[PDB]
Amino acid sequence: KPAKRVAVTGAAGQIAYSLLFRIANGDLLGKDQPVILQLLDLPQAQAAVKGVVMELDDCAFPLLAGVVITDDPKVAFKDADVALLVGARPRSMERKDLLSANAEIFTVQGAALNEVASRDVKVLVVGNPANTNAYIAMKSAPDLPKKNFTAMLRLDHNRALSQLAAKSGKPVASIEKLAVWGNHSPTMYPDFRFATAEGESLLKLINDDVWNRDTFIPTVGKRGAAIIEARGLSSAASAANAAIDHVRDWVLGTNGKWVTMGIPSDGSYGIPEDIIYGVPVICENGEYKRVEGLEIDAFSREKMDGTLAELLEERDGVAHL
């Protein structure tokens, strides 16, 4: 096949460093799709990006047809077929500015995407706060299907499969129908009321339901910090892997298996429209199709509404644009 173009921001950072090499290896679009990597980061981080590119070249990857490097979003995004917006401001400063400084960045870049990117582009926002950055980008590109901006919930989703695999003693790969609702945050609702496992209901097998409110939910949400405390650095490799899973799956197909994906609300489940909210989906033909009419019980929906308010608190905070 001819090459596809992948834009990746925050090219000099840790998530990028785990990401770029599996991308060049064919992990993202497949073992037979060449790719061309187009890389943004700050003016002062250009030298470091070159350093990363010298390392990519030194891997001799068959599929890497070319690399572009630049501090200009408009160049970074030209003819981009996928864009991974990994770069973002970290808080260093109250929830007030984290939210504000990132709006700048994500209006600018969505502006640029809508101006130059392939009309057919798949956007995935990784930079925290993922959902709202996404929303700001989507909003900033009236010309591209709103359905093309997603935020990464797949790391929360994957973290929860490991908690479940462990608990049930069952093989992580043999878990179907798991769901994660809401914000990429401590607030997301990891939902297994439907999960199976190589035959059996996960409620059945585990039952407990206290391990659930008490251990499970909050372990999955405090996982990022648990990783920092142990190694003193954030989880770039698991985050890059989930970004790969999210995009691979989106493009290539999910096979009726459910995956969780932050995508613009249509209106279901109690979520306002045009809101980037994690909900389960099935992927096929380069498209995601939501999983519908799931019974939403009492507990489940107080959690769904709690995360869905953090979001509105987030939205209405940047809304002045």
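Position 1 is the first residue in the sequence shown; the rest follow in order.
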query: Unmodelled deposited residues between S92 and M93, binned; finding: 1 to 3
query: Entry-level comparison of average CA B-factors, 22 to 30 and 280 to 288, reporting the higher stretch; finding: 280 to 288
query: Entry-level comparison of average CA B-factors, 266 to 274 and 46 to 54, reporting the higher stretch; finding: 266 to 274
query: Member of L205, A225, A243, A80 with the greatest C-alpha B factor (per the PDB record); finding: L205
query: Per the PDB entry, maximal CA B factor within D249, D72, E229, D143; finding: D143
query: Entry-reported Cα temperature factor of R315, expressed as the chain third it lands in; finding: highest
query: Modelled-residue ranking by C-alpha temperature factor, third containing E104; finding: middle
query: Among modelled residues of the same chain, the CA temperature factor third for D156; finding: lowest
query: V172, C-alpha B-factor rank within chain (lowest, middle or highest third); finding: highest
query: Cα B factor band for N131 (lowest, middle or highest third within the chain); finding: middle
